[PDB]
$ cat query-v4.pdb   # PDB, C-alpha atoms
ATOM      1  CA  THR G   1     113.190  87.710 123.603  1.00  0.00           C
ATOM      2  CA  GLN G   2     114.012  90.458 126.220  1.00  0.00           C
ATOM      3  CA  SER G   3     115.227  93.936 125.006  1.00  0.00           C
ATOM      4  CA  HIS G   4     118.581  95.798 125.592  1.00  0.00           C
ATOM      5  CA  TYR G   5     118.846  96.927 129.334  1.00  0.00           C
ATOM      6  CA  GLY G   6     115.833  94.665 130.288  1.00  0.00           C
ATOM      7  CA  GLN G   7     116.702  92.281 133.215  1.00  0.00           C
ATOM      8  CA  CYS G   8     117.442  88.602 132.214  1.00  0.00           C
ATOM      9  CA  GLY G   9     118.498  86.805 135.470  1.00  0.00           C
ATOM     10  CA  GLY G  10     120.249  86.701 138.878  1.00  0.00           C
ATOM     11  CA  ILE G  11     118.065  86.920 142.092  1.00  0.00           C
ATOM     12  CA  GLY G  12     116.293  83.494 141.519  1.00  0.00           C
ATOM     13  CA  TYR G  13     114.795  85.520 138.699  1.00  0.00           C
ATOM     14  CA  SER G  14     111.522  84.833 136.731  1.00  0.00           C
ATOM     15  CA  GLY G  15     109.881  86.601 133.677  1.00  0.00           C
ATOM     16  CA  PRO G  16     111.510  87.175 130.177  1.00  0.00           C
ATOM     17  CA  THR G  17     114.831  85.330 131.034  1.00  0.00           C
ATOM     18  CA  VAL G  18     116.161  85.219 127.363  1.00  0.00           C
ATOM     19  CA  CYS G  19     117.899  88.309 125.727  1.00  0.00           C
ATOM     20  CA  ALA G  20     117.812  89.580 122.100  1.00  0.00           C
ATOM     21  CA  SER G  21     120.970  88.949 119.931  1.00  0.00           C
ATOM     22  CA  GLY G  22     124.043  91.261 119.874  1.00  0.00           C
ATOM     23  CA  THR G  23     123.433  91.854 123.658  1.00  0.00           C
ATOM     24  CA  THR G  24     124.512  89.325 126.401  1.00  0.00           C
ATOM     25  CA  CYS G  25     122.592  87.969 129.461  1.00  0.00           C
ATOM     26  CA  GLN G  26     125.282  89.470 131.819  1.00  0.00           C
ATOM     27  CA  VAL G  27     126.805  88.643 135.274  1.00  0.00           C
ATOM     28  CA  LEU G  28     127.718  92.165 136.681  1.00  0.00           C
ATOM     29  CA  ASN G  29     126.894  90.933 140.250  1.00  0.00           C
ATOM     30  CA  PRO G  30     124.983  87.790 141.605  1.00  0.00           C
ATOM     31  CA  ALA G  31     121.619  89.723 141.557  1.00  0.00           C
ATOM     32  CA  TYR G  32     122.380  91.679 138.303  1.00  0.00           C
ATOM     33  CA  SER G  33     121.990  89.613 135.086  1.00  0.00           C
ATOM     34  CA  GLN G  34     120.823  92.185 132.448  1.00  0.00           C
ATOM     35  CA  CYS G  35     120.705  92.303 128.597  1.00  0.00           C
ATOM     36  CA  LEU G  36     124.137  94.040 128.013  1.00  0.00           C
TER      37      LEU G  36
END

$ encode --input "query-v4.pdb" --output "structure tokens"
Amino acid sequence: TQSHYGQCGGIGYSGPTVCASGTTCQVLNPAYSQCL
């Protein structure tokens, strides 16, 4: 899984798109899905 503060999604986003537990794959803005 992806670590705390590591980016998860948003801007048609590739790479480690699956967060660690406790933290959420966020939706702060359309581009900004992060592990918070």

$ atom_distance --input "query-v4.pdb" --atom1 "atom CA of residue G:24" --atom2 "atom CA of residue G:11"
17.1 Å

$ residues_around --input "query-v4.pdb" --residues "residue G:27" --least-positions-apart "4" --cutoff "9 Å" --atoms "all atoms listed in the file" --output "VMD selection string"
chain G and resid 9 to 10 31 to 34

$ axis_aligned_box --input "query-v4.pdb" --around "stretch 6-22 of chain G" --padding-each-side "8 Å" --output "lines of an AutoDock Vina configuration file"
center_x = 117.0
center_y = 89.1
center_z = 131.0
size_x = 30.2
size_y = 27.2
size_z = 38.2

$ resolve_selection --input "query-v4.pdb" --expression "the PyMOL selection byres ((chain G and resi 19) around 8)" --output "ChimeraX atom specification"
/G:1-4,8,16-18,20-21,23-25,35

$ decode --input "query-v4.pdb" --residues "stretch 2-36 of chain G" --atoms "N, CA, C and O atoms" --output "PDB file, in the first residue's frame"
ATOM      1  N   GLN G   2       0.270   2.446  -0.330  1.00  0.00           N
ATOM      2  CA  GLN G   2       0.908   3.767  -0.241  1.00  0.00           C
ATOM      3  C   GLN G   2       0.916   4.322   1.207  1.00  0.00           C
ATOM      4  O   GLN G   2      -0.021   4.087   1.971  1.00  0.00           O
ATOM      5  N   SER G   3       1.975   5.046   1.581  1.00  0.00           N
ATOM      6  CA  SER G   3       2.164   5.626   2.923  1.00  0.00           C
ATOM      7  C   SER G   3       1.383   6.945   3.150  1.00  0.00           C
ATOM      8  O   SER G   3       1.087   7.673   2.202  1.00  0.00           O
ATOM      9  N   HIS G   4       1.131   7.292   4.421  1.00  0.00           N
ATOM     10  CA  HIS G   4       0.647   8.614   4.880  1.00  0.00           C
ATOM     11  C   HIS G   4       1.296   9.795   4.094  1.00  0.00           C
ATOM     12  O   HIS G   4       2.499   9.771   3.833  1.00  0.00           O
ATOM     13  N   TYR G   5       0.507  10.769   3.621  1.00  0.00           N
ATOM     14  CA  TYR G   5       0.933  11.889   2.751  1.00  0.00           C
ATOM     15  C   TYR G   5       1.320  11.530   1.290  1.00  0.00           C
ATOM     16  O   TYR G   5       1.239  12.393   0.413  1.00  0.00           O
ATOM     17  N   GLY G   6       1.709  10.289   0.979  1.00  0.00           N
ATOM     18  CA  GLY G   6       1.852   9.821  -0.409  1.00  0.00           C
ATOM     19  C   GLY G   6       0.567   9.993  -1.257  1.00  0.00           C
ATOM     20  O   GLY G   6      -0.547   9.747  -0.786  1.00  0.00           O
ATOM     21  N   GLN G   7       0.694  10.443  -2.513  1.00  0.00           N
ATOM     22  CA  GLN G   7      -0.458  10.670  -3.400  1.00  0.00           C
ATOM     23  C   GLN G   7      -1.100   9.342  -3.879  1.00  0.00           C
ATOM     24  O   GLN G   7      -0.400   8.409  -4.280  1.00  0.00           O
ATOM     25  N   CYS G   8      -2.433   9.256  -3.818  1.00  0.00           N
ATOM     26  CA  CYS G   8      -3.254   8.079  -4.143  1.00  0.00           C
ATOM     27  C   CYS G   8      -4.014   8.198  -5.488  1.00  0.00           C
ATOM     28  O   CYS G   8      -4.247   7.199  -6.160  1.00  0.00           O
ATOM     29  N   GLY G   9      -4.446   9.402  -5.881  1.00  0.00           N
ATOM     30  CA  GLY G   9      -5.368   9.586  -7.008  1.00  0.00           C
ATOM     31  C   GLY G   9      -5.466  11.018  -7.564  1.00  0.00           C
ATOM     32  O   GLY G   9      -4.698  11.913  -7.205  1.00  0.00           O
ATOM     33  N   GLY G  10      -6.501  11.228  -8.386  1.00  0.00           N
ATOM     34  CA  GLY G  10      -6.991  12.534  -8.844  1.00  0.00           C
ATOM     35  C   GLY G  10      -6.767  12.776 -10.346  1.00  0.00           C
ATOM     36  O   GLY G  10      -7.530  12.280 -11.172  1.00  0.00           O
ATOM     37  N   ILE G  11      -5.703  13.501 -10.713  1.00  0.00           N
ATOM     38  CA  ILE G  11      -5.314  13.836 -12.106  1.00  0.00           C
ATOM     39  C   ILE G  11      -5.035  12.606 -13.014  1.00  0.00           C
ATOM     40  O   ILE G  11      -3.891  12.312 -13.347  1.00  0.00           O
ATOM     41  N   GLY G  12      -6.083  11.865 -13.406  1.00  0.00           N
ATOM     42  CA  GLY G  12      -6.004  10.588 -14.150  1.00  0.00           C
ATOM     43  C   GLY G  12      -4.866   9.658 -13.676  1.00  0.00           C
ATOM     44  O   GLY G  12      -4.115   9.089 -14.467  1.00  0.00           O
ATOM     45  N   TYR G  13      -4.705   9.587 -12.354  1.00  0.00           N
ATOM     46  CA  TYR G  13      -3.426   9.316 -11.693  1.00  0.00           C
ATOM     47  C   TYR G  13      -3.033   7.818 -11.640  1.00  0.00           C
ATOM     48  O   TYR G  13      -3.834   6.961 -11.272  1.00  0.00           O
ATOM     49  N   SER G  14      -1.782   7.513 -12.009  1.00  0.00           N
ATOM     50  CA  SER G  14      -1.174   6.171 -11.998  1.00  0.00           C
ATOM     51  C   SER G  14      -0.345   5.881 -10.715  1.00  0.00           C
ATOM     52  O   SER G  14      -0.475   6.568  -9.708  1.00  0.00           O
ATOM     53  N   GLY G  15       0.514   4.851 -10.710  1.00  0.00           N
ATOM     54  CA  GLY G  15       1.371   4.525  -9.556  1.00  0.00           C
ATOM     55  C   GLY G  15       0.664   3.827  -8.364  1.00  0.00           C
ATOM     56  O   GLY G  15      -0.289   3.075  -8.569  1.00  0.00           O
ATOM     57  N   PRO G  16       1.148   3.991  -7.114  1.00  0.00           N
ATOM     58  CA  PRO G  16       0.634   3.277  -5.932  1.00  0.00           C
ATOM     59  C   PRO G  16      -0.765   3.731  -5.451  1.00  0.00           C
ATOM     60  O   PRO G  16      -0.928   4.177  -4.316  1.00  0.00           O
ATOM     61  N   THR G  17      -1.810   3.587  -6.268  1.00  0.00           N
ATOM     62  CA  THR G  17      -3.158   4.159  -6.025  1.00  0.00           C
ATOM     63  C   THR G  17      -4.015   3.516  -4.902  1.00  0.00           C
ATOM     64  O   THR G  17      -5.242   3.508  -4.973  1.00  0.00           O
ATOM     65  N   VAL G  18      -3.401   2.999  -3.827  1.00  0.00           N
ATOM     66  CA  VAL G  18      -4.073   2.249  -2.743  1.00  0.00           C
ATOM     67  C   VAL G  18      -3.415   2.508  -1.359  1.00  0.00           C
ATOM     68  O   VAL G  18      -2.400   1.887  -1.020  1.00  0.00           O
ATOM     69  N   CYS G  19      -3.970   3.417  -0.547  1.00  0.00           N
ATOM     70  CA  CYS G  19      -3.443   3.819   0.776  1.00  0.00           C
ATOM     71  C   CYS G  19      -3.321   2.700   1.839  1.00  0.00           C
ATOM     72  O   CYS G  19      -4.001   1.676   1.795  1.00  0.00           O
ATOM     73  N   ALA G  20      -2.426   2.899   2.814  1.00  0.00           N
ATOM     74  CA  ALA G  20      -2.395   2.167   4.085  1.00  0.00           C
ATOM     75  C   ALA G  20      -3.618   2.488   4.989  1.00  0.00           C
ATOM     76  O   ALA G  20      -4.206   3.563   4.891  1.00  0.00           O
ATOM     77  N   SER G  21      -4.014   1.543   5.858  1.00  0.00           N
ATOM     78  CA  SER G  21      -5.147   1.725   6.788  1.00  0.00           C
ATOM     79  C   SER G  21      -4.957   2.872   7.813  1.00  0.00           C
ATOM     80  O   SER G  21      -3.892   3.484   7.911  1.00  0.00           O
ATOM     81  N   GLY G  22      -6.015   3.196   8.557  1.00  0.00           N
ATOM     82  CA  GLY G  22      -6.131   4.442   9.326  1.00  0.00           C
ATOM     83  C   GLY G  22      -6.327   5.685   8.433  1.00  0.00           C
ATOM     84  O   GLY G  22      -7.326   6.386   8.564  1.00  0.00           O
ATOM     85  N   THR G  23      -5.395   5.941   7.507  1.00  0.00           N
ATOM     86  CA  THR G  23      -5.491   7.036   6.514  1.00  0.00           C
ATOM     87  C   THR G  23      -6.451   6.756   5.341  1.00  0.00           C
ATOM     88  O   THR G  23      -6.540   5.630   4.852  1.00  0.00           O
ATOM     89  N   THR G  24      -7.125   7.791   4.834  1.00  0.00           N
ATOM     90  CA  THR G  24      -8.047   7.767   3.682  1.00  0.00           C
ATOM     91  C   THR G  24      -7.410   8.247   2.362  1.00  0.00           C
ATOM     92  O   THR G  24      -6.663   9.220   2.328  1.00  0.00           O
ATOM     93  N   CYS G  25      -7.766   7.609   1.237  1.00  0.00           N
ATOM     94  CA  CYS G  25      -7.540   8.118  -0.127  1.00  0.00           C
ATOM     95  C   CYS G  25      -8.473   9.328  -0.428  1.00  0.00           C
ATOM     96  O   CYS G  25      -9.605   9.147  -0.874  1.00  0.00           O
ATOM     97  N   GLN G  26      -8.038  10.538  -0.061  1.00  0.00           N
ATOM     98  CA  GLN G  26      -8.854  11.765   0.031  1.00  0.00           C
ATOM     99  C   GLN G  26      -9.472  12.320  -1.272  1.00  0.00           C
ATOM    100  O   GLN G  26      -9.191  11.857  -2.369  1.00  0.00           O
ATOM    101  N   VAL G  27     -10.254  13.406  -1.154  1.00  0.00           N
ATOM    102  CA  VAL G  27     -10.747  14.201  -2.298  1.00  0.00           C
ATOM    103  C   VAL G  27     -10.739  15.737  -2.039  1.00  0.00           C
ATOM    104  O   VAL G  27     -11.710  16.453  -2.276  1.00  0.00           O
ATOM    105  N   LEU G  28      -9.595  16.265  -1.580  1.00  0.00           N
ATOM    106  CA  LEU G  28      -9.368  17.684  -1.210  1.00  0.00           C
ATOM    107  C   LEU G  28      -9.677  18.679  -2.363  1.00  0.00           C
ATOM    108  O   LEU G  28     -10.331  19.705  -2.185  1.00  0.00           O
ATOM    109  N   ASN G  29      -9.217  18.356  -3.578  1.00  0.00           N
ATOM    110  CA  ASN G  29      -9.673  18.924  -4.856  1.00  0.00           C
ATOM    111  C   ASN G  29      -9.583  17.848  -5.981  1.00  0.00           C
ATOM    112  O   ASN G  29      -8.888  16.852  -5.787  1.00  0.00           O
ATOM    113  N   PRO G  30     -10.225  18.024  -7.154  1.00  0.00           N
ATOM    114  CA  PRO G  30     -10.184  17.060  -8.267  1.00  0.00           C
ATOM    115  C   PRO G  30      -8.807  16.439  -8.609  1.00  0.00           C
ATOM    116  O   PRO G  30      -8.713  15.254  -8.917  1.00  0.00           O
ATOM    117  N   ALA G  31      -7.726  17.226  -8.559  1.00  0.00           N
ATOM    118  CA  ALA G  31      -6.349  16.748  -8.755  1.00  0.00           C
ATOM    119  C   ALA G  31      -5.739  16.057  -7.507  1.00  0.00           C
ATOM    120  O   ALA G  31      -4.927  15.138  -7.621  1.00  0.00           O
ATOM    121  N   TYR G  32      -6.119  16.514  -6.313  1.00  0.00           N
ATOM    122  CA  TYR G  32      -5.564  16.131  -5.014  1.00  0.00           C
ATOM    123  C   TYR G  32      -6.366  15.008  -4.304  1.00  0.00           C
ATOM    124  O   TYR G  32      -7.171  15.266  -3.406  1.00  0.00           O
ATOM    125  N   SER G  33      -6.090  13.744  -4.659  1.00  0.00           N
ATOM    126  CA  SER G  33      -6.357  12.574  -3.796  1.00  0.00           C
ATOM    127  C   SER G  33      -5.063  12.015  -3.174  1.00  0.00           C
ATOM    128  O   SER G  33      -4.253  11.367  -3.841  1.00  0.00           O
ATOM    129  N   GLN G  34      -4.863  12.282  -1.885  1.00  0.00           N
ATOM    130  CA  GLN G  34      -3.712  11.900  -1.060  1.00  0.00           C
ATOM    131  C   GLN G  34      -4.108  10.935   0.081  1.00  0.00           C
ATOM    132  O   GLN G  34      -5.263  10.900   0.496  1.00  0.00           O
ATOM    133  N   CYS G  35      -3.155  10.164   0.608  1.00  0.00           N
ATOM    134  CA  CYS G  35      -3.339   9.380   1.833  1.00  0.00           C
ATOM    135  C   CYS G  35      -3.403  10.265   3.110  1.00  0.00           C
ATOM    136  O   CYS G  35      -2.397  10.399   3.814  1.00  0.00           O
ATOM    137  N   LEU G  36      -4.568  10.874   3.379  1.00  0.00           N
ATOM    138  CA  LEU G  36      -4.932  11.554   4.641  1.00  0.00           C
ATOM    139  C   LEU G  36      -6.274  11.032   5.222  1.00  0.00           C
ATOM    140  O   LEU G  36      -7.345  11.601   4.912  1.00  0.00           O
TER     141      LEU G  36
END
